[PDB]
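Trainee: I would like to see how this sequence folds:
(2 chains, ligands or ions: 1)
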Amino acid sequence: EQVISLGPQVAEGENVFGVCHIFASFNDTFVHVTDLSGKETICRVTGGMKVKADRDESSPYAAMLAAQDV
RNA sequence: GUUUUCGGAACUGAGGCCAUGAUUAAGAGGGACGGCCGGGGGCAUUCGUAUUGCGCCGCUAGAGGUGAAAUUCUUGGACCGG
Ligand SMILES: [Mg+2]
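Mentor: Numbering: from 1, shown residues only, chains lettered A, B, ... in the order given. Please find the structure below.
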């Protein structure tokens, strides 16, 4: 703060809410995050976009690295 | 001449009497009816998410699959979310 124009006009006490569609199946992990509606997504990261081993895509190691980028 | 009811055999109508004549109701069966009961059967009827595909929309570089990988789908926006 300021950003500036990105993000809505907010106060100190209150906060803006989003939704994280965490599709953590086997063989991969998705930490998709969107607006409160669900359709205007903000940041989409998956486990495979970080690990290059093609087998750890659902491993816990890939899982939190993707989430922190979100 | 025979009369032969005569001997017996023939059919038919009105009677009495017979305690007048039907064992039982199977921890057999069949039925009947009463209140139910049951993912029993058939015909229609309605609902549910899911899957697949589609049309938009935002979004981005991988997605899928495997013990690992690959065939495969991917800037024609794949996968994801509405
Ligand atoms: Mg693949």
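
Trainee: which residue packs closest to residue A:61, ignoring adjacent ones?
Mentor: With CB to CB, 6 or more residues apart in numbering as the measure, residue A:51 is the residue that lies nearest to residue A:61, at 6.9 Å, once sequence neighbours are left out. In this view, the C-beta of every residue, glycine as well, is placed from N, C-alpha and C.

Trainee: if I pick that neighbour, what's in contact with it?
Mentor: Each residue near residue A:51 by CB atoms under 8 Å, 6 or more residues apart in numbering is listed here: A:57, A:59, A:61, A:62, A:65.

Trainee: What strand or helix carries it?
Mentor: Secondary structure here is read from DSSP states H and E; on that basis residue A:51 sits in neither a helix nor a strand.

Trainee: Ramachandran angles for the residue of chain A found nearest RNA strand B?
Mentor: Closest to RNA strand B within chain A is residue A:48: 1.9 Å, counting by CB to the nearest atom of the strand. Comment: the main-chain dihedrals of residue A:48 come out as phi -70, psi -30, following degrees, to the nearest 10.

Trainee: Quick check: residues of chain A near RNA strand B?
Mentor: Taking CB under 7 Å from any atom of the strand as the criterion, chain A approaches RNA strand B at residues A:21, A:23, A:25-28, A:30, A:32, A:34, A:37-41, A:44, A:46-49, A:53-55, A:57.

Trainee: and the residues you listed, which of them are in strands?
Mentor: A:21, A:23, A:30, A:32, A:34, A:41 (DSSP state E).

Trainee: ok, of the residues you listed, which one's closest to residue A:15?
Mentor: Comparing these against residue A:15 with CB to CB places residue A:34 closest, at 16.6 Å.

Trainee: is the closest one in a bridge, and if so with what?
Mentor: Beta-bridge pairing of residue A:34 under DSSP bridges involves residue A:19, residue A:41.
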